[PDB]
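Source file input.pdb; content: PDB, C-alpha atoms.
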ATOM      1  CA  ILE A 630      59.030  15.675 -87.862
ATOM      2  CA  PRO A 631      61.203  17.800 -85.566
ATOM      3  CA  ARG A 632      59.981  18.901 -82.175
ATOM      4  CA  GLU A 633      58.301  22.246 -81.591
ATOM      5  CA  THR A 634      58.053  21.934 -85.362
ATOM      6  CA  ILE A 635      54.767  22.028 -87.258
ATOM      7  CA  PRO A 636      54.557  20.614 -90.777
ATOM      8  CA  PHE A 637      52.650  22.152 -93.612
ATOM      9  CA  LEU A 638      49.881  19.531 -93.555
ATOM     10  CA  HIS A 639      48.561  19.064 -90.049
ATOM     11  CA  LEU A 640      45.250  17.957 -88.688
ATOM     12  CA  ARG A 641      43.951  19.219 -85.411
ATOM     13  CA  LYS A 642      42.355  18.331 -82.134
ATOM     14  CA  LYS A 643      40.218  19.974 -79.529
ATOM     15  CA  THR A 644      40.850  20.809 -75.934
ATOM     16  CA  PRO A 645      38.209  20.993 -73.194
ATOM     17  CA  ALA A 646      38.656  24.754 -73.494
ATOM     18  CA  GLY A 647      36.992  25.271 -76.852
ATOM     19  CA  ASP A 648      39.939  25.535 -79.231
ATOM     20  CA  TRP A 649      41.755  23.406 -81.778
ATOM     21  CA  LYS A 650      45.491  22.861 -81.544
ATOM     22  CA  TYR A 651      48.150  20.946 -83.395
ATOM     23  CA  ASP A 652      48.421  17.405 -82.255
ATOM     24  CA  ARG A 653      51.495  15.615 -83.512
ATOM     25  CA  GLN A 654      50.669  11.918 -83.452
ATOM     26  CA  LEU A 655      47.120  12.389 -84.713
ATOM     27  CA  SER A 656      48.481  14.641 -87.450
ATOM     28  CA  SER A 657      51.455  12.338 -87.961
ATOM     29  CA  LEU A 658      49.548   9.462 -89.519
ATOM     30  CA  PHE A 659      47.520  11.577 -91.906
ATOM     31  CA  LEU A 660      50.851  11.675 -93.678
ATOM     32  CA  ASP A 661      51.964   8.060 -93.667
ATOM     33  CA  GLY A 662      48.816   7.479 -95.664
ATOM     34  CA  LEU A 663      50.018  10.204 -97.990
ATOM     35  CA  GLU A 664      53.561   8.972 -98.465
ATOM     36  CA  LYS A 665      51.769   5.666 -98.821
ATOM     37  CA  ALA A 666      49.334   7.435-101.130
ATOM     38  CA  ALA A 667      52.328   8.484-103.188
ATOM     39  CA  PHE A 668      54.583   5.457-103.541
ATOM     40  CA  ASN A 669      51.632   3.088-103.735
ATOM     41  CA  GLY A 670      48.595   5.278-104.008
ATOM     42  CA  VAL A 671      45.194   5.084-102.428
ATOM     43  CA  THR A 672      42.124   3.353-103.732
ATOM     44  CA  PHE A 673      38.593   4.623-103.459
ATOM     45  CA  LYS A 674      36.875   1.424-104.497
ATOM     46  CA  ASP A 675      33.266   0.910-103.465
ATOM     47  CA  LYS A 676      32.971   4.525-102.393
ATOM     48  CA  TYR A 677      29.930   6.547-103.291
ATOM     49  CA  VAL A 678      30.462  10.252-103.398
TER      50      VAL A 678
ATOM     51  CA  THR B1437      10.408   2.953 -67.439
ATOM     52  CA  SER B1438      12.392   3.314 -64.223
ATOM     53  CA  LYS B1439      10.021   5.430 -62.139
ATOM     54  CA  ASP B1440       7.775   2.377 -61.815
ATOM     55  CA  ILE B1441      10.353   0.023 -60.343
ATOM     56  CA  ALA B1442      10.789   2.679 -57.661
ATOM     57  CA  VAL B1443       7.150   3.061 -56.635
ATOM     58  CA  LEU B1444       7.428  -0.712 -56.507
ATOM     59  CA  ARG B1445      10.556  -0.679 -54.381
ATOM     60  CA  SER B1446       8.717   2.061 -52.523
ATOM     61  CA  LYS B1447       6.512  -0.780 -51.352
ATOM     62  CA  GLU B1448       6.581  -2.953 -48.248
ATOM     63  CA  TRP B1449       4.974  -6.117 -49.618
ATOM     64  CA  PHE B1450       7.042  -5.985 -52.813
ATOM     65  CA  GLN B1451      10.059  -7.724 -51.334
ATOM     66  CA  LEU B1452      12.482  -9.936 -53.187
ATOM     67  CA  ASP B1453      15.430 -12.204 -52.623
ATOM     68  CA  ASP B1454      17.743  -9.538 -54.082
ATOM     69  CA  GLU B1455      16.787  -5.941 -54.849
ATOM     70  CA  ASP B1456      19.865  -5.954 -57.093
ATOM     71  CA  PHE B1457      17.767  -7.386 -59.906
ATOM     72  CA  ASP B1458      17.318  -5.514 -63.178
ATOM     73  CA  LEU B1459      13.677  -4.545 -63.665
ATOM     74  CA  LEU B1460      13.701  -2.929 -67.115
ATOM     75  CA  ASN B1461      12.213  -4.532 -70.219
ATOM     76  CA  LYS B1462      11.207  -7.303 -67.820
ATOM     77  CA  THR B1463       7.735  -8.799 -67.595
ATOM     78  CA  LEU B1464       6.427  -9.908 -64.223
ATOM     79  CA  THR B1465       3.581 -12.154 -63.192
ATOM     80  CA  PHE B1466       1.796 -12.146 -59.862
ATOM     81  CA  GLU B1467       0.159 -15.417 -58.817
ATOM     82  CA  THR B1468      -1.142 -14.123 -55.513
ATOM     83  CA  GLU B1469      -3.541 -15.690 -53.038
ATOM     84  CA  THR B1470      -5.587 -13.674 -50.574
ATOM     85  CA  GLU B1471      -6.989 -14.560 -47.187
ATOM     86  CA  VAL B1472      -9.199 -12.327 -45.107
ATOM     87  CA  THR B1473     -11.174 -12.298 -41.884
ATOM     88  CA  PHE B1474     -14.174  -9.998 -41.872
ATOM     89  CA  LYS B1475     -16.084  -8.153 -39.232
ATOM     90  CA  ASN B1476     -18.727  -6.676 -41.543
ATOM     91  CA  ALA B1477     -19.949  -7.372 -45.051
ATOM     92  CA  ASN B1478     -17.485  -4.765 -46.332
ATOM     93  CA  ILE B1479     -15.228  -3.672 -43.468
ATOM     94  CA  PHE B1480     -12.500  -6.267 -43.198
ATOM     95  CA  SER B1481     -10.684  -7.044 -39.974
ATOM     96  CA  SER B1482      -7.629  -8.920 -41.207
ATOM     97  CA  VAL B1483      -6.056  -9.235 -44.654
ATOM     98  CA  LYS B1484      -3.268 -11.470 -45.918
ATOM     99  CA  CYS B1485      -2.049 -11.288 -49.494
ATOM    100  CA  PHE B1486       0.823 -13.583 -50.345
ATOM    101  CA  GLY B1487       2.102 -15.272 -53.447
ATOM    102  CA  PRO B1488       5.191 -15.405 -55.611
ATOM    103  CA  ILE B1489       6.403 -12.838 -58.078
ATOM    104  CA  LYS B1490       7.762 -14.321 -61.281
ATOM    105  CA  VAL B1491       9.688 -12.924 -64.225
ATOM    106  CA  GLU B1492       9.791 -13.524 -67.936
ATOM    107  CA  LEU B1493      13.020 -14.833 -69.355
ATOM    108  CA  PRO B1494      14.065 -14.496 -73.009
ATOM    109  CA  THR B1495      12.323 -17.864 -73.184
ATOM    110  CA  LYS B1496       9.345 -16.436 -71.254
ATOM    111  CA  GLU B1497       9.696 -19.445 -68.948
ATOM    112  CA  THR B1498       8.602 -17.697 -65.779
ATOM    113  CA  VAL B1499      10.760 -18.013 -62.676
ATOM    114  CA  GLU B1500      10.439 -16.971 -59.055
ATOM    115  CA  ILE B1501      12.211 -13.871 -57.785
ATOM    116  CA  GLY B1502      10.422 -12.485 -54.769
ATOM    117  CA  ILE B1503       7.452 -12.875 -52.472
ATOM    118  CA  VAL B1504       4.475 -10.754 -51.604
ATOM    119  CA  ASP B1505       3.531 -10.480 -47.956
ATOM    120  CA  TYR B1506       0.817  -7.923 -47.286
ATOM    121  CA  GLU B1507      -0.782  -7.799 -43.861
ATOM    122  CA  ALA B1508      -3.472  -5.421 -42.741
ATOM    123  CA  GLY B1509      -6.498  -4.708 -40.600
ATOM    124  CA  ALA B1510      -9.666  -2.626 -40.790
ATOM    125  CA  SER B1511      -9.242  -2.482 -44.552
ATOM    126  CA  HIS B1512     -12.004  -1.638 -46.997
ATOM    127  CA  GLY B1513     -10.407  -3.288 -50.011
ATOM    128  CA  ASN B1514      -7.296  -4.984 -51.349
ATOM    129  CA  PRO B1515      -4.438  -2.723 -52.480
TER     130      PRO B1515
ATOM    131  CA  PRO C 921      38.080  45.827 -81.746
ATOM    132  CA  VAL C 922      37.504  43.943 -78.538
ATOM    133  CA  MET C 923      35.568  41.010 -77.164
ATOM    134  CA  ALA C 924      33.864  40.549 -73.814
ATOM    135  CA  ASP C 925      33.485  37.091 -72.299
ATOM    136  CA  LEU C 926      30.628  37.550 -69.863
ATOM    137  CA  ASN C 927      30.582  33.804 -69.324
ATOM    138  CA  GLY C 928      31.118  32.647 -65.785
ATOM    139  CA  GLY C 929      33.465  29.918 -66.893
ATOM    140  CA  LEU C 930      31.120  27.694 -68.818
ATOM    141  CA  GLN C 931      33.733  27.004 -71.419
ATOM    142  CA  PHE C 932      35.734  25.015 -68.845
ATOM    143  CA  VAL C 933      33.089  22.718 -67.371
ATOM    144  CA  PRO C 934      33.352  20.320 -70.304
ATOM    145  CA  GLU C 935      31.007  18.032 -72.180
ATOM    146  CA  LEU C 936      28.357  20.404 -70.916
ATOM    147  CA  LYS C 937      25.676  19.058 -73.254
ATOM    148  CA  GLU C 938      24.853  15.943 -71.289
ATOM    149  CA  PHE C 939      26.328  17.449 -68.169
ATOM    150  CA  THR C 940      23.197  19.551 -68.473
ATOM    151  CA  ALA C 941      20.906  16.917 -69.973
ATOM    152  CA  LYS C 942      21.514  15.031 -66.765
ATOM    153  CA  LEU C 943      21.062  17.806 -64.215
ATOM    154  CA  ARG C 944      17.438  18.079 -65.310
ATOM    155  CA  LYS C 945      16.840  14.508 -66.439
ATOM    156  CA  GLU C 946      17.361  13.782 -62.756
ATOM    157  CA  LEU C 947      14.786  16.296 -61.556
ATOM    158  CA  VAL C 948      12.087  14.832 -63.780
ATOM    159  CA  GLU C 949      12.643  11.434 -62.199
ATOM    160  CA  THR C 950      13.062  12.661 -58.638
ATOM    161  CA  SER C 951       9.949  14.738 -59.360
ATOM    162  CA  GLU C 952       7.717  12.527 -61.497
ATOM    163  CA  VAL C 953       8.124   9.555 -59.177
ATOM    164  CA  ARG C 954       6.939  11.564 -56.195
ATOM    165  CA  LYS C 955       3.945  12.511 -58.289
ATOM    166  CA  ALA C 956       3.417   8.766 -58.719
ATOM    167  CA  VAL C 957       4.331   7.576 -55.235
ATOM    168  CA  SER C 958       2.424  10.372 -53.525
ATOM    169  CA  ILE C 959      -0.766   9.417 -55.330
ATOM    170  CA  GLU C 960      -0.660   5.634 -55.068
ATOM    171  CA  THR C 961       0.202   5.845 -51.378
ATOM    172  CA  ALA C 962      -2.694   8.253 -51.011
ATOM    173  CA  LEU C 963      -4.604   5.793 -53.166
ATOM    174  CA  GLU C 964      -3.490   2.893 -50.990
ATOM    175  CA  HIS C 965      -4.658   4.907 -47.999
ATOM    176  CA  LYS C 966      -8.063   5.110 -49.697
ATOM    177  CA  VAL C 967      -8.787   1.389 -50.095
ATOM    178  CA  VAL C 968      -7.957   0.404 -46.531
TER     179      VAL C 968
END

Full structure transcribed into structure tokens:
Amino acid sequence: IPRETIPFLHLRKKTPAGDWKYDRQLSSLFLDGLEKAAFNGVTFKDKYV
Amino acid sequence: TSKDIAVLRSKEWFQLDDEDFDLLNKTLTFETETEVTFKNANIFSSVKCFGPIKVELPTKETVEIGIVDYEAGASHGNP
Amino acid sequence: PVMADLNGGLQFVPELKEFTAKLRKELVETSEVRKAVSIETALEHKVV
């Protein structure tokens, strides 16, 4: 992830103002799970949906 | 509640060894003894009310915390 | 189109929910107690 640089899949985060802005770290681990979700895949065992 | 421990701490005979104590969800017992000197059949002239104040533990084995010491004159009852 | 923020700044003072819950949850205590103290003391004054 470059700096000043937003990916295509980001999560967000709120400020005391009332808005939602791009975190990096927070939105940086959503993706390790994905890359993980892609080479190894995720399970959903025991869920109930 | 917590507005009761205040009216208590509002008091002058409700004194303890440490006001620091936590007085919520606690159960207290008052083994008080009263002495009094009269001047009429109703109108007292001197009133002592002493006795420990004890607290429930999670065992309910009561224990001493503070002391009552109420002093008064010309009373018409026991507060 | 436009938008008018006629708020005095109450989007800055944060976590306002309990910030407010408190401001009044104090009054009730500071108020209720003095409804309790005032009466028992008066009551006290009535037995002696």

**Item:** Contact set, chain A to chain C: 9 Å, only C-alpha atoms, as a PyMOL selection string
**Value:** chain A and resi 645-647

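Evaluated on this file, the PyMOL selection byres ((chain C and resi 939-955) around 10) matches residues 1438, 1439, 1440, 1441, 1442 and 1443 of chain B; 933, 934, 935, 936, 937, 938, 956, 957, 958, 959 and 960 of chain C.
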
**Asked** By how many Å are atom CA of residue 655 of chain A and atom CA of residue 674 of chain A apart?
**Response** 24.8 Å

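Interatomic distance, atom CA of residue 1455 of chain B to atom CA of residue 962 of chain C: 24.4 Å.
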
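Atom to atom, atom CA of residue 658 of chain A and atom CA of residue 673 of chain A stand 18.4 Å apart.
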
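Contact shell of residue 640 of chain A at 8 Å (only C-alpha atoms; same-chain neighbours under 3 positions omitted): residues 651, 652, 655, 656 and 659 of chain A.
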
Can you write just those residues out, C-alpha atoms, as a PDB file, in the frame of the given file?
ATOM      1  CA  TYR A 651      48.150  20.946 -83.395  1.00  0.00           C
ATOM      2  CA  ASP A 652      48.421  17.405 -82.255  1.00  0.00           C
ATOM      3  CA  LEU A 655      47.120  12.389 -84.713  1.00  0.00           C
ATOM      4  CA  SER A 656      48.481  14.641 -87.450  1.00  0.00           C
ATOM      5  CA  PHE A 659      47.520  11.577 -91.906  1.00  0.00           C
TER       6      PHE A 659
END

**Request:** Find the residues of chain B in contact range of chain C, meaning any atom within 9 Å when counting all atoms listed in the file, and list them as a ChimeraX atom specification.
**Result:** /B:1438-1440,1442-1444,1446,1479-1480,1508-1515

With the file shown as input, list the residues that the PyMOL selection byres ((chain B and resi 1483-1487) around 9) selects, as a compact mmCIF listing (two decimals) with C-alpha atoms, in the frame of the given file.
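Just written: part-v4.txt:
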# COMPACT_ATOMS: atom_id res chain seq x y z
CA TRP B 1449 4.97 -6.12 -49.62
CA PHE B 1466 1.80 -12.15 -59.86
CA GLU B 1467 0.16 -15.42 -58.82
CA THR B 1468 -1.14 -14.12 -55.51
CA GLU B 1469 -3.54 -15.69 -53.04
CA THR B 1470 -5.59 -13.67 -50.57
CA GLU B 1471 -6.99 -14.56 -47.19
CA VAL B 1472 -9.20 -12.33 -45.11
CA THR B 1473 -11.17 -12.30 -41.88
CA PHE B 1474 -14.17 -10.00 -41.87
CA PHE B 1480 -12.50 -6.27 -43.20
CA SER B 1481 -10.68 -7.04 -39.97
CA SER B 1482 -7.63 -8.92 -41.21
CA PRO B 1488 5.19 -15.40 -55.61
CA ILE B 1489 6.40 -12.84 -58.08
CA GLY B 1502 10.42 -12.48 -54.77
CA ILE B 1503 7.45 -12.88 -52.47
CA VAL B 1504 4.47 -10.75 -51.60
CA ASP B 1505 3.53 -10.48 -47.96
CA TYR B 1506 0.82 -7.92 -47.29
CA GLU B 1507 -0.78 -7.80 -43.86
CA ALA B 1508 -3.47 -5.42 -42.74
CA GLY B 1509 -6.50 -4.71 -40.60
CA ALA B 1510 -9.67 -2.63 -40.79
CA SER B 1511 -9.24 -2.48 -44.55
CA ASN B 1514 -7.30 -4.98 -51.35

Enclose the full set of atoms of segment 633-645 of chain A listed in the file within a box whose edges lie along x, y and z, apply 6 Å of padding to each of the six sides, and report centre and edge lengths in Å to one decimal as JSON.
{"center_x": 48.3, "center_y": 20.1, "center_z": -83.4, "size_x": 32.1, "size_y": 16.3, "size_z": 32.4}

**Request:** Could you expand the PyMOL selection byres ((chain A and resi 636) around 10) into the explicit residues it covers here, written as number ranges by chain?
**Result:** A: 630-631, 634-635, 637-640, 651, 653, 656-657

**Request:** Would you mind listing what lies within 12 Å of residue 1501 of chain B as a ChimeraX atom specification, with only C-alpha atoms counted and same-chain residues fewer than 2 positions away left out?
**Result:** /B:1450-1459,1463-1466,1487-1493,1498-1499,1503-1504
